[PDB]
Amino acid sequence: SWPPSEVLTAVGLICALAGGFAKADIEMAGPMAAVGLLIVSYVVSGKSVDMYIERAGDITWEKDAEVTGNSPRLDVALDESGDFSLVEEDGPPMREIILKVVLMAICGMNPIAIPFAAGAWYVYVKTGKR
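Heads up: the sequence shown begins at 1 in the deposited numbering, then just goes up one per residue.
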């Protein structure tokens, strides 16, 4: 149950992780920069496939196809019916979810790596995956 759409979610998260290393973990990094990396890793990890699988295990959302006992899916899409497949229609606003991903991070720790990851995160969410 892992359509090619996985690549879009992979690249997004990977790009964020790459940004996480910006002026960090380079043997010249400060403690703060190291934290910057860890912050990015944390936020990215929360959106990993593994975490999505765990989410599916505890799925409660009636609108989410996974609730029917289907294998975890990434391929968010809008159907002809108007139904948003694998989207929490009854969940928090997408805007708040997108912001949350970024807001969880602290730019003060690494004014480079963090906002770089934020860029990648803004791209990631374009998949519609929450």
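Heads up, the beta-carbon is just placed ideally off N, CA and C, and yes, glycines get one too.
Option nearest residue i by Cα separation, candidates the options
i          : options          : result
residue 36 : 47, 10, 104      : 104
residue 7  : 48, 30, 38, 88   : 48
residue 43 : 58, 118, 24, 123 : 118
residue 96 : 122, 31, 64, 13  : 122
residue 62 : 46, 45, 91       : 91
Alpha-carbon to alpha-carbon, residue j and residue i
i           : j           : result
residue 114 : residue 40  : 7 Å
residue 78  : residue 29  : 44 Å
residue 5   : residue 116 : 23 Å
residue 124 : residue 93  : 16 Å
residue 52  : residue 22  : 27 Å
residue 18  : residue 55  : 25 Å
residue 73  : residue 102 : 24 Å
residue 111 : residue 81  : 44 Å
residue 70  : residue 108 : 42 Å
residue 68  : residue 1   : 14 Å
residue 46  : residue 83  : 26 Å
residue 3   : residue 106 : 33 Å
residue 38  : residue 20  : 8 Å
residue 9   : residue 27  : 30 Å
residue 50  : residue 60  : 18 Å
residue 58  : residue 66  : 10 Å
Sequence-distant residues of the same chain with beta carbon closer than 7 Å to residue i, five excluded per side
i           : result
residue 76  : 85, 86, 87, 127, 128, 129
residue 64  : 86, 88
residue 120 : 12, 15, 16, 19
residue 32  : 109, 110
Below-8 Å beta-carbon distance, residue i vs any chain B residue
i          : result
residue 22 : Among the protein chains of the structure shown there is no chain B, as only one such chain exists.
Within 8 Å, strictly: CB atoms of residue i and residue j
i          : j          : result
residue 34 : residue 25 : yes
Cβ neighbours of residue i in the same chain (closer than 6 Å, five flanking residues each side left out)
i          : result
residue 98 : 125
(request) Mind listing, in chain order, the continuous alpha helix (DSSP H) runs of no fewer than 4 residues lying wholly within the segment 73-129? (result) 94-103, 113-124
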